[PDB]
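Enquirer:
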Amino acid sequence: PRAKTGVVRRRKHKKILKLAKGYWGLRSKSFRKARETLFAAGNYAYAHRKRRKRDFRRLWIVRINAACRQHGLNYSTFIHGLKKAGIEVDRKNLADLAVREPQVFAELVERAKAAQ
Amino acid sequence: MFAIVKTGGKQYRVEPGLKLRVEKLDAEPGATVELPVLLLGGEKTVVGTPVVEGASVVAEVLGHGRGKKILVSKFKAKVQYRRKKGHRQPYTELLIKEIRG
Amino acid sequence: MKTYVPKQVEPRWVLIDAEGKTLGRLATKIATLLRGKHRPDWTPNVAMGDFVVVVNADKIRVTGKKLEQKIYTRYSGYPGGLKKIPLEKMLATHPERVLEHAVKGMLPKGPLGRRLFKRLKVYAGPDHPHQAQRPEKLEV
Amino acid sequence: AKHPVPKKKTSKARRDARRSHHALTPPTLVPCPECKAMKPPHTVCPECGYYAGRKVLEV
Amino acid sequence: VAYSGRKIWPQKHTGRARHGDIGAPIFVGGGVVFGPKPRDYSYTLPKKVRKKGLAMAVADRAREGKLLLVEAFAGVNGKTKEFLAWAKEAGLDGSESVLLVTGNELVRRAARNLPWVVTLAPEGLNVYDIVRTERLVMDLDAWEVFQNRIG
Amino acid sequence: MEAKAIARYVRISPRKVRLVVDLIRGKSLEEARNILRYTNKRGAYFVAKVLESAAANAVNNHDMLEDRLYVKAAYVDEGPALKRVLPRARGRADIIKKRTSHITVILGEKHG
RNA sequence: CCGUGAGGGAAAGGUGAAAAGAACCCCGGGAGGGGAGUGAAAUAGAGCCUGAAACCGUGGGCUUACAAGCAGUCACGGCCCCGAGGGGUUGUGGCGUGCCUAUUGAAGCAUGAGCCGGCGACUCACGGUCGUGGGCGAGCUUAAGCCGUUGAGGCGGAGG
RNA sequence: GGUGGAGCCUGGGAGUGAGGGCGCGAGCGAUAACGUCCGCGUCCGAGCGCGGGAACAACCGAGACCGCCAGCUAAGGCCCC
RNA sequence: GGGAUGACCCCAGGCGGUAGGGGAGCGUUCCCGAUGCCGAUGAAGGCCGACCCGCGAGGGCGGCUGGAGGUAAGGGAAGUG
Ligand SMILES: NC(=[NH2+])NCCC[C@H](N)C(=O)O
Ligand SMILES: [Mg+2]
Ligand SMILES: [Mg+2]
Ligand SMILES: [Mg+2]
Ligand SMILES: [Mg+2]
Ligand SMILES: [Mg+2]
Ligand SMILES: [Mg+2]
Ligand SMILES: [Mg+2]
Ligand SMILES: [Mg+2]
Ligand SMILES: [Mg+2]
Ligand SMILES: [Mg+2]
Ligand SMILES: [Mg+2]
Ligand SMILES: [Mg+2]
Ligand SMILES: [Mg+2]
Ligand SMILES: [Mg+2]
Ligand SMILES: [Mg+2]
Ligand SMILES: [Mg+2]
Ligand SMILES: [Mg+2]
Ligand SMILES: [Mg+2]
Ligand SMILES: [Mg+2]
Ligand SMILES: [Mg+2]
Ligand SMILES: [Mg+2]
Ligand SMILES: [Mg+2]
Ligand SMILES: [Mg+2]
Ligand SMILES: [Mg+2]
Ligand SMILES: [Mg+2]
Ligand SMILES: [Mg+2]
Ligand SMILES: [Mg+2]
Ligand SMILES: [Mg+2]
Ligand SMILES: [Mg+2]
Ligand SMILES: [Mg+2]
Ligand SMILES: [Mg+2]
Ligand SMILES: [Mg+2]
Ligand SMILES: [Mg+2]
Ligand SMILES: [Mg+2]
Ligand SMILES: [Mg+2]
Ligand SMILES: [Mg+2]
Ligand SMILES: [Mg+2]
Ligand SMILES: [Mg+2]
Ligand SMILES: [Mg+2]
Ligand SMILES: [Mg+2]
Ligand SMILES: [Mg+2]
Ligand SMILES: [Mg+2]
Ligand SMILES: [Mg+2]
Ligand SMILES: [Mg+2]
Ligand SMILES: [Mg+2]
Ligand SMILES: [Mg+2]
Ligand SMILES: [Mg+2]
Ligand SMILES: [Mg+2]
Ligand SMILES: [Mg+2]
Ligand SMILES: [Mg+2]
Ligand SMILES: [Mg+2]
Ligand SMILES: [Mg+2]
Ligand SMILES: [Mg+2]
Ligand SMILES: [Mg+2]
Ligand SMILES: [Mg+2]
Ligand SMILES: [Mg+2]
Ligand SMILES: [Mg+2]
Ligand SMILES: [Mg+2]
Ligand SMILES: [Mg+2]
Ligand SMILES: [Mg+2]
Ligand SMILES: [Mg+2]
Ligand SMILES: [Mg+2]
Ligand SMILES: [Mg+2]
Ligand SMILES: [Mg+2]
Ligand SMILES: [Mg+2]
Ligand SMILES: [Mg+2]
Ligand SMILES: [Mg+2]
Ligand SMILES: [Mg+2]
Ligand SMILES: [Mg+2]
Ligand SMILES: [Mg+2]
Ligand SMILES: [Mg+2]
Ligand SMILES: [Mg+2]
Ligand SMILES: [Mg+2]
Ligand SMILES: [Mg+2]
Ligand SMILES: [Mg+2]
Ligand SMILES: [Mg+2]
Ligand SMILES: [Mg+2]
Ligand SMILES: [Mg+2]
Ligand SMILES: [Mg+2]
Ligand SMILES: [Mg+2]
Ligand SMILES: [Mg+2]
Ligand SMILES: [Mg+2]
Ligand SMILES: [Mg+2]
Ligand SMILES: [Mg+2]
Ligand SMILES: [Mg+2]
Ligand SMILES: [Mg+2]
Ligand SMILES: [Mg+2]
Ligand SMILES: [Mg+2]
Ligand SMILES: [Mg+2]
Ligand SMILES: [Mg+2]
Ligand SMILES: [Mg+2]
Ligand SMILES: [Mg+2]
Ligand SMILES: [Mg+2]
Ligand SMILES: [Mg+2]
Ligand SMILES: [Mg+2]
Ligand SMILES: [Mg+2]
Ligand SMILES: [Mg+2]
Ligand SMILES: [Mg+2]
Ligand SMILES: [Mg+2]
Ligand SMILES: [Mg+2]
Ligand SMILES: [Mg+2]
Ligand SMILES: [Mg+2]
Ligand SMILES: [Mg+2]
Ligand SMILES: [Mg+2]
Ligand SMILES: [Mg+2]
Ligand SMILES: [Mg+2]
Ligand SMILES: [Mg+2]
Ligand SMILES: [Mg+2]
Ligand SMILES: [Mg+2]
Ligand SMILES: [Mg+2]
Ligand SMILES: [Mg+2]
Ligand SMILES: [Mg+2]
Ligand SMILES: [Mg+2]
Ligand SMILES: [Mg+2]
Ligand SMILES: [Mg+2]
Ligand SMILES: [Mg+2]
Ligand SMILES: [Mg+2]
Ligand SMILES: [Mg+2]
Ligand SMILES: [Mg+2]
Ligand SMILES: [Mg+2]
Ligand SMILES: [Mg+2]
Ligand SMILES: [Mg+2]
Ligand SMILES: [Mg+2]
Ligand SMILES: [Mg+2]
Ligand SMILES: [Mg+2]
Ligand SMILES: [Mg+2]
Ligand SMILES: [Mg+2]
Ligand SMILES: [Mg+2]
Ligand SMILES: [Mg+2]
Ligand SMILES: [Mg+2]
Ligand SMILES: [Mg+2]
Ligand SMILES: [Mg+2]
Ligand SMILES: [Mg+2]
Ligand SMILES: [Mg+2]
Ligand SMILES: [Mg+2]
Ligand SMILES: [Mg+2]
Ligand SMILES: [Mg+2]
Ligand SMILES: [Mg+2]
Ligand SMILES: [Mg+2]
Ligand SMILES: [Mg+2]
Ligand SMILES: [Mg+2]
Ligand SMILES: [Mg+2]
Ligand SMILES: [Mg+2]
Ligand SMILES: [Mg+2]
Ligand SMILES: [Mg+2]
Ligand SMILES: [Mg+2]
Ligand SMILES: [Mg+2]
Ligand SMILES: [Zn+2]
Numbered sequence: 002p003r004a005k006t007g008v009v010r011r012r013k014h015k016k017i018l019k020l021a022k023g024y025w026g027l028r029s030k031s032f033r034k035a036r037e038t039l040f041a042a043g044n045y046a047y048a049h050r051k052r053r054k055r056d057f058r059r060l061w062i063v064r065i066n067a068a069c070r071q072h073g074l075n076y077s078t079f080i081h082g083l084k085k086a087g088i089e090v091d092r093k094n095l096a097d098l099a100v101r102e103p104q105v106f107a108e109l110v111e112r113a114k115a116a117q
Numbered sequence: 001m002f003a004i005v006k007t008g009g010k011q012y013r014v015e016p017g018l019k020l021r022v023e024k025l026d027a028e029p030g031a032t033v034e035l036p037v038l039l040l041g042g043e044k045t046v047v048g049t050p051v052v053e054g055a056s057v058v059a060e061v062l063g064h065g066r067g068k069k070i071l072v073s074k075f076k077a078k079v080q081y082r083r084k085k086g087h088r089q090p091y092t093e094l095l096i097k098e099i100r101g
Numbered sequence: 001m002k003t004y005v006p007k008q009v010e011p012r013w014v015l016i017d018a019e020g021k022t023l024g025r026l027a028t029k030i031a032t033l034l035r036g037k038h039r040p041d042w043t044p045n046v047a048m049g050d051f052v053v054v055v056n057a058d059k060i061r062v063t064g065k066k067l068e069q070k071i072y073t074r075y076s077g078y079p080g081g082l083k084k085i086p087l088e089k090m091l092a093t094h095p096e097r098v099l100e101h102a103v104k105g106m107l108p109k110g111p112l113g114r115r116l117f118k119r120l121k122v123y124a125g126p127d128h129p130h131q132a133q134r135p136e137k138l139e140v
Numbered sequence: 002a003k004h005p006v007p008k009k010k011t012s013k014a015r016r017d018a019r020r021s022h023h024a025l026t027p028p029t030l031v032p033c034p035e036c037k038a039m040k041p042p043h044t045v046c047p048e049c050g051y052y053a054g055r056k057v058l059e060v
Numbered sequence: 057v058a059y060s061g062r063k064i065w066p067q068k069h070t071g072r073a074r075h076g077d078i079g080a081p082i083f084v085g086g087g088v089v090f091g092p093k094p095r096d097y098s099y100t101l102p103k104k105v106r107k108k109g110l111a112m113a114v115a116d117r118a119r120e121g122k123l124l125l126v127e128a129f130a131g132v133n134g135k136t137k138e139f140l141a142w143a144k145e146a147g148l149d150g151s152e153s154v155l156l157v158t159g160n161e162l163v164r165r166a167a168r169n170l171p172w173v174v175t176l177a178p179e180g181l182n183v184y185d186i187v188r189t190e191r192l193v194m195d196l197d198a199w200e201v202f203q204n205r206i207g
Numbered sequence: 001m002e003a004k005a006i007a008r009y010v011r012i013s014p015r016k017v018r019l020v021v022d023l024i025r026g027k028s029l030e031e032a033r034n035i036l037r038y039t040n041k042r043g044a045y046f047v048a049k050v051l052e053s054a055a056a057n058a059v060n061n062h063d064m065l066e067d068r069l070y071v072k073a074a075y076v077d078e079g080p081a082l083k084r085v086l087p088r089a090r091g092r093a094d095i096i097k098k099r100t101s102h103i104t105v106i107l108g109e110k111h112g
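Residue numbers (the deposited numbering), protein chains in the order written: chain 1U, 2 to 117; chain 1V, 1 to 101; chain 1N, 1 to 140; chain 15, 2 to 60; chain 1F, 57 to 207; chain 1W, 1 to 112.
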């Protein structure tokens, strides 16, 4: 019994083109070029979702060092105090106290200058 | 009055009336749990070292589910090695009832 | 919980005298201000930094034989168009550009940092026409 | 000569962009003062054979 | 295939691919690679494996009680309707597919058109037809030869 | 309301007539006629004829006023191709595509 | 149709249940269309069943004329849509060297591919050798054939 | 001592039989070569996935199942990019 | 380890990877299942889907087109991607 391609090939090419919607030129209109693109973005994502956690921390850190320096010290000198002080609040939160609740943070700064 | 609790290996700022997705909890829905605390502030400021003895955050388990599907794809060139995976992240949606400290 | 994103903020204007100050070690503070990395609300993809009004830029100081041996250069696109310009003469010609060119290179590349240099305004002499801004002078 | 030939197909955008100058500037028309029919200035009106206020053509 | 064999165009310098006869399966309308041919799917299953599966088959229906025998068929003589009246009185309502297994021709001729009856000379009783069905009927005759085949 | 004409299988290259149609789109019927009439090209004979054939359909079949008529939508689609050969030098034959056009024109009533 | 000749060798199917295949009127030389009319359906109108993809065009929303680039991915923000959420879009900041092939090694200035759709490459028969699910087991098994059936199976011990 | 994707034995299926950089020991070479030919090892090959090295298969770090807007570290780094 | 056996639960550890070995599955054509079931209150196919289940290949649901065919649990055979 014969069994030609039939309905199978097309459909799969419509899987790849639906995920390729929004791509420039053929990349969204040509199948082959849609795969070659979906390949990269496939690795770019997981290569980048692994990075989001590093793009922020560095940010967060960048904001804390700014505040810390408003009180007469630097990000380096108060990470230690919070260590020595036994404080485990994280840079994400620390980065939000530094902006919205600037007088809580000031405390932490103080509890850091002393823990040393 | 606001609190920095720690659940799911991660720390969150919570307040009464806050729906929060956190890592799944072994907790029957509708039930209520207590969350460790690291810092209370707003009115009276208090800092944990690392936590605070009696203070705890009471939350209501609204339910459990599964976050949207992320497409984790692997691909090595000139080798014929692709991989495709569907990943939905378990998760718990809480309601922040009160801040008992 | 998500990270904080600051709505449009009215920038602040700073006034920095450079007389006596050392070149490269001044432009590092400016660019920082421009970047805004002195703000607790710093954000990478916006111009949330001061404007920097530098003055007496003709009196910047420098270490060693740089006036004689620091060679600002240009390439006129055509052959033989490599212009080699000593520091001594850039001052005795277009001094406000010794500092500019210095800070310019301390600002990121691409659009953003290209419109942050715009927020830099370095004038030679003790005066600036930005009086209408009431610049908050800084000491560094 | 060595038969120059394109190295790459020209994208849609790249051709359609090059055609930002293929717009037809519509013809300059004005009214004829004796029949009011539109026609190009400086020509003997094809609608009433008038030009310069006098007759010149059968139409 | 029914084409020639001339090398369609030279091996080199035509600027196009390499080809020979347009009967190659790489062509359209050309040859087919490993497509089917006549075959003898038949094959020689072991006897005991069939003389045994011919007794396992029945027994199964016997466990269910779906097996039924009869001395003779009272009053059938070659008319289907002469059968349902019988089958009715034998509890064969039609709600169950049946395998009628007898030598009596007239009988096999009466019910063979029946949408829920499989007829067979007991000399042809086979598993598939047994399993095909929900019940199973036989003459003690057809029953007898049956015995004398699994024995 | 709307009224349209469609000159199909027009043997003309679309990418040529559209230069004409692009020149009257959104114009008043009288202004198109005045344009299609002194537009020095070949697709004007066709774009015009379609304009008139559509103006008729509006006035005569859809109860529309030849005085409110502007060109609401006009748009030249392409049809089949007349593939004719062209013997070049040295035994090689090309294939020219004599192009056929689909010239549709939709009119409306700019009330007021 | 190609070849002087032997010889080579295509492409091309489908309206609808029934032509009831569009009278008549209108723009046009015509082609073609616009109403009328037929039909359950007319983007089933004969260039006709379904009508995908490349390819082309019209309208709309976002966006772009100091920018740089395997064109995408992550975060944020602005506008549009849908009714603590989602969809489309892209301004800025971060990151980022196509697919396949052959290679010690390619984004690779090494090969192949303009694009799309369909054909397109590890099979079959006999014999062999391991493994495996079963049947019988110092025993197992039949081959061509004969009968039966008309998708009924049984016989056949020669022989291996 | 060692319970490890350790080892012994029988049997089925392979692919490989064009390697390359580095380090140390030699020969050949000119105490040349991103040279060549052997030996122990390592890595790339197959890790052209990640960090450092401005950028770079093989130098330093480190063996990527998946997700997080959490924490600690290695090489390398902390005036600005 | 439970419990008894693949019922699901707990603890621990493994899971970069070309040539290549192995295992478990999806999907296409066809046969029994089928004198059956689905179908004009609309088959197969086609265009959308931000919803559902699946690691994934894929499977359902809904809306538009489409207008007469399609075919389940469980198995069999290939011109099977
Ligand atoms: N009387 C018989 N042996 N009948 C056997 C079946 C014959 C035929 N195949 C049928 O179904 O009618
Ligand atoms: Mg095929
Ligand atoms: Mg297909
Ligand atoms: Mg395919
Ligand atoms: Mg598919
Ligand atoms: Mg994919
Ligand atoms: Mg990454
Ligand atoms: Mg990390
Ligand atoms: Mg950043
Ligand atoms: Mg300091
Ligand atoms: Mg800490
Ligand atoms: Mg605020
Ligand atoms: Mg690559
Ligand atoms: Mg490749
Ligand atoms: Mg490959
Ligand atoms: Mg690959
Ligand atoms: Mg979870
Ligand atoms: Mg400062
Ligand atoms: Mg800094
Ligand atoms: Mg700034
Ligand atoms: Mg100095
Ligand atoms: Mg000057
Ligand atoms: Mg020449
Ligand atoms: Mg010549
Ligand atoms: Mg070229
Ligand atoms: Mg385009
Ligand atoms: Mg376009
Ligand atoms: Mg161009
Ligand atoms: Mg007249
Ligand atoms: Mg032949
Ligand atoms: Mg022939
Ligand atoms: Mg040729
Ligand atoms: Mg041949
Ligand atoms: Mg041929
Ligand atoms: Mg052949
Ligand atoms: Mg054939
Ligand atoms: Mg043929
Ligand atoms: Mg052919
Ligand atoms: Mg074939
Ligand atoms: Mg073959
Ligand atoms: Mg072949
Ligand atoms: Mg045969
Ligand atoms: Mg076989
Ligand atoms: Mg046989
Ligand atoms: Mg039956
Ligand atoms: Mg029957
Ligand atoms: Mg003109
Ligand atoms: Mg008229
Ligand atoms: Mg010529
Ligand atoms: Mg010729
Ligand atoms: Mg000739
Ligand atoms: Mg062509
Ligand atoms: Mg000849
Ligand atoms: Mg002839
Ligand atoms: Mg010939
Ligand atoms: Mg013919
Ligand atoms: Mg018909
Ligand atoms: Mg007529
Ligand atoms: Mg006429
Ligand atoms: Mg007429
Ligand atoms: Mg006609
Ligand atoms: Mg008509
Ligand atoms: Mg009707
Ligand atoms: Mg109907
Ligand atoms: Mg319908
Ligand atoms: Mg249709
Ligand atoms: Mg139709
Ligand atoms: Mg039909
Ligand atoms: Mg059609
Ligand atoms: Mg069509
Ligand atoms: Mg447009
Ligand atoms: Mg500029
Ligand atoms: Mg601009
Ligand atoms: Mg960010
Ligand atoms: Mg709501
Ligand atoms: Mg960068
Ligand atoms: Mg980007
Ligand atoms: Mg890299
Ligand atoms: Mg590279
Ligand atoms: Mg090669
Ligand atoms: Mg080679
Ligand atoms: Mg390149
Ligand atoms: Mg190139
Ligand atoms: Mg080669
Ligand atoms: Mg290739
Ligand atoms: Mg070609
Ligand atoms: Mg194809
Ligand atoms: Mg093959
Ligand atoms: Mg084989
Ligand atoms: Mg074969
Ligand atoms: Mg075989
Ligand atoms: Mg064998
Ligand atoms: Mg046996
Ligand atoms: Mg025997
Ligand atoms: Mg073991
Ligand atoms: Mg091993
Ligand atoms: Mg081993
Ligand atoms: Mg072996
Ligand atoms: Mg050899
Ligand atoms: Mg070699
Ligand atoms: Mg080889
Ligand atoms: Mg060798
Ligand atoms: Mg060697
Ligand atoms: Mg070598
Ligand atoms: Mg190297
Ligand atoms: Mg070495
Ligand atoms: Mg050493
Ligand atoms: Mg040494
Ligand atoms: Mg040595
Ligand atoms: Mg030696
Ligand atoms: Mg050497
Ligand atoms: Mg060599
Ligand atoms: Mg060698
Ligand atoms: Mg490689
Ligand atoms: Mg190799
Ligand atoms: Mg490595
Ligand atoms: Mg390794
Ligand atoms: Mg590496
Ligand atoms: Mg890589
Ligand atoms: Mg690469
Ligand atoms: Mg690296
Ligand atoms: Mg690097
Ligand atoms: Mg770097
Ligand atoms: Mg290790
Ligand atoms: Mg630390
Ligand atoms: Mg450095
Ligand atoms: Mg820079
Ligand atoms: Mg693995
Ligand atoms: Mg591992
Ligand atoms: Mg391993
Ligand atoms: Mg392999
Ligand atoms: Mg296994
Ligand atoms: Mg297998
Ligand atoms: Mg299957
Ligand atoms: Mg398939
Ligand atoms: Mg049937
Ligand atoms: Mg059927
Ligand atoms: Mg109906
Ligand atoms: Mg319907
Ligand atoms: Mg089918
Ligand atoms: Mg199906
Ligand atoms: Mg459907
Ligand atoms: Mg039928
Ligand atoms: Mg079936
Ligand atoms: Mg099944
Ligand atoms: Mg079966
Ligand atoms: Mg085939
Ligand atoms: Mg095949
Ligand atoms: Zn006149």
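Backbone N, C-alpha and C define an ideal beta-carbon position, used for all residues, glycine too.
1) Which full runs of the beta strand (DSSP E) of 3+ residues lie inside the segment 98 to 153 of chain 1F, going along the chain?
2) In three-state terms, what does DSSP make of residue 59 (chain 1W)?
3) Among all the DSSP beta bridges, which residues are the ones paired with residue 86 (chain 1W)?
4) Leaving out the 5 sequence neighbours to the left and right, which residues in its chain are closer than 7 Å to residue 96 (chain 1N) when beta-carbon positions are compared?
Expert: Quick answer:
1) 123 to 126
2) Walking along the sixth sequence from the start, residue 59 (chain 1W) turns up at place 59. Reduced to three states, the DSSP call for residue 59 (chain 1W) is helix.
3) Position 86 of the sixth sequence, counted from the first residue, corresponds to residue 86 (chain 1W). DSSP, once it has assigned bridges, lists 94 (chain 1W) as partnering residue 86 (chain 1W).
4) For this step, residue 96 (chain 1N) is matched to residue 96 along the third sequence. If we look at residue 96 (chain 1N) and ignore the five residues flanking it on each side, its Cβ neighbours are 57, 122, 123, 124.
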